[PDB]
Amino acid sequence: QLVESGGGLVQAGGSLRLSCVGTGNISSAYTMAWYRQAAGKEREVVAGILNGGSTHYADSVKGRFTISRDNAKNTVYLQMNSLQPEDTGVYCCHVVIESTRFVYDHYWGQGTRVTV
């Protein structure tokens, strides 16, 4: 299971680090990603560690946001900078793990509210 934290109220302009910790080991993750959904809007991927360790960012957060992980702590992070009101929404973390060859299980957190 995945439990996100670090959300809340920041002012426009500020920085904020989201956390997601796994109950089991997530060190062999195929992918790790953060998604956000603002009220009455479609969910969008904001940041992804792709398989092999390359990254993808939404165009709107390029250069402002970083996705990282601590293997030792079993945690995924989203570093957010220069926060804008448009960054407002429920953020959730996504971890994919290969069980048997070619079969991948998906793990989702409950989400954490960010309000700029």
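Numbers follow the displayed sequence, beginning with 1.
> Please work out which of 38-46 and 78-86 has the higher mean CA B-factor as recorded in the PDB entry.
Between 78-86 and 38-46, it is 38-46 that shows the higher mean C-alpha B-factor.
> Name the residue from 21, 18, 93, 9 with the greatest C-alpha temperature factor listed in the entry.
Largest recorded C-alpha B-factor: 9.
> Of the three thirds of its chain by CA temperature factor, lowest, middle or highest, which one includes residue 1?
It falls in the bottom third of the chain.
> Among the modelled residues of this chain, does the Cα B factor of residue 51 put it in the lowest, middle or highest third?
Ranked within chain, residue 51 CA B lands in the middle tercile.
> Tell me, lowest, middle or highest third: where does the Cα B factor of residue 108 rank within its chain?
Residue 108: CA B-factor falls in the middle third of its chain.
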